[PDB]
Structures are given as C-alpha cells and as structure tokens.
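Data first, discussion second: the structure below is written as structure tokens.
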Amino acid sequence: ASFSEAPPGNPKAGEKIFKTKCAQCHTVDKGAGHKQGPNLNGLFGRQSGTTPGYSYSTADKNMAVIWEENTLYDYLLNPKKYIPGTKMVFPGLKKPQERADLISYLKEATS
Ligand code: HEC
C-alpha cells in the first residue's frame with residue numbers, strides 16, 4: 001500500500017519497464033536535454049517542477065513534491081490523481097513490484 005511494504009526492487013527488471021513505458025518522453029542522462037517530458041537526471045531528492053529549461057504545468061510546480069522512493073511509489077500508481085492538472089499522459093503502473101523495480105532502476109540511472 002506504501003513504499004514501505006513494497007517488494008524489493010531489481011534494477012534490470014526496472015530498466016525494461018523504463019524503456020517500454022517512459023523512455024519515449026524522458027531522458028535520464030546529464031546533458032541529454034528534454035523530450036515530451038523533462039530529463040530526470042538527478043531526480044532523487046529534488047523538488048518537483050524545477051529542472052531548468054522545461055515548461056512545467058502549474059500543478060507540477062505548485063505541488064513542490066520532493067521526489068524520493070516514497071513519493072515516486074505513490075505517484076506512479078496514478079500520476080493524474082497525484083498531481084491533478086499535470087500534462088504527463090500516463091495511466092499509471094498498477095503493480096507494487098513494477099513500481100519497486102522501476103524505482104530501483106531510476107535510483108541508478110538518474111544518478
Ligand atoms: C509522455 C507521454 C510521458 C510518459 C510516457 C511519461 N511521462 Fe513523465 N512526464 C511527462 C511530462 C509532459 C511531464 C511534465 C508534467 C507537468 O505537469 O509538467 C512529466 C513529468 C514527470 C515527472 C516529474 C518530474 C519533475 O521534474 O517534477 C516524473 C518523476 C516523471 N514524469 C516520471 C515518469 C516515469 C517514471 C514514467 C514511466 C512510468 C513517465 N514519467 C512516463 C511525460 C511523460
């Protein structure tokens with residue numbers, strides 16, 4: 001129900017997930033620029049809506065969520081429910097395991 005109770009994460013599995021469901025709109029490497037969505041480099045611990053050069057929705061700026069395992073796990077279940085008014089078009093990742101694997105990868109990849 002929460003990150004706390006979620007399955008352990010496997011970054012290899014998480015990579016598959018990222019590639020198929022997020023890569024279209026997000027970069028992760030420093031210097032890579034933006035896509036439909038902002039570059040996620042250095043995501044962990046940062047305030048939402050603050051990456052330079054990307055035009056965020058007012059909601060994504062106003063929420064000012066500090067991204068971490070906790071917040072990401074809730075967010076990913078249903079982004080539009082988490083930040084009503086966001087322009088990210090993504091239904092959500094329903095399974096606890098899928099979220100845990102994706103987060104494990106992001107931790108490594110966005111570093
Ligand atoms: C294009 C169709 C998207 C897909 C697929 C995914 N994301 Fe996304 N993301 C997209 C946009 C246009 C935005 C900005 C939203 C806004 O209201 O401004 C985002 C934003 C994020 C964020 C917030 C980052 C921040 O700096 O605050 C995160 C953490 C994020 N996106 C992650 C993410 C992941 C892990 C996805 C696969 C599950 C994914 N997004 C899909 C566009 C698109």
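In region 33-60, what residues are surrounded by 16 or more Cβ atoms within 10 Å (Cβ to Cβ) and among the β-branched types (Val, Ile, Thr)?
Passing the criteria: only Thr51.
So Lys12 ticks every box in (1) assigned to a helix (DSSP H, G or I); (2) within 12 Å of the chain's Cα centre (by Cα) but one. Which box is left unticked?
In the conditions (1) assigned to a helix (DSSP H, G or I); (2) within 12 Å of the chain's Cα centre (by Cα), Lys12 misses (2) alone.
Taking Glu68 as the residue in question, decide whether it is more than 10 Å from the ligand (Cβ to nearest atom), under 28 Å from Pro7 (Cβ atoms), under 14 Å from the mean Cα position of the chain (by Cα) and not polar (S, T, N, Q).
Judged against the criteria, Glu68 is a match.
Of the residues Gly85, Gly53, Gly37, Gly49, which single one is under 18 Å from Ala109 (Cα atoms) and small (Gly, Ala, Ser)?
On inspection, the qualifying residue turns out to be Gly37.
Could you list, ordered by first residue, the pairs with Cβ atoms under 8 Å in which the first is in region 58-76 and closer than 19 Å to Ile17 by Cα and part of a helix (DSSP H, G or I) and the second is among the aliphatic types (A, V, I, L, M) and more than 10 Å from the ligand (Cβ to nearest atom), at least 6 apart or interchain?
Final answer for the pair search is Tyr73/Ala6; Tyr73/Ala100.
Of the conditions (1) farther than 18 Å from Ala109 by Cβ; (2) touching a residue at least 60 places away in the same chain (Cβ under 8 Å), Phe18 clears all except one; give me its number.
The number of the failed condition is (1).
Working only within region 26-37, note down all residues that are under 13 Å from the mean Cα position of the chain (by Cα) and closer than 17 Å to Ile103 by Cα.
Within region 26-37, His26, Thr27, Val28 qualify.
Restricting to region 77-111, what's the tally of residues that are of a type in the set (A, V, I, L, M) and part of a helix (DSSP H, G or I)?
6
Could you list, in sequence order, all residues of region 47-65 that are within 8 Å of the ligand (Cβ to nearest atom) and over 17 Å from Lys87 (Cβ atoms)?
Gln47, the sole residue that qualifies.
With ideal geometry, Cβ positions are generated from the backbone for all residues, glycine too; neighbour counts draw on all protein chains shown. No value in this document is a laboratory result; all are computed from the given coordinates.
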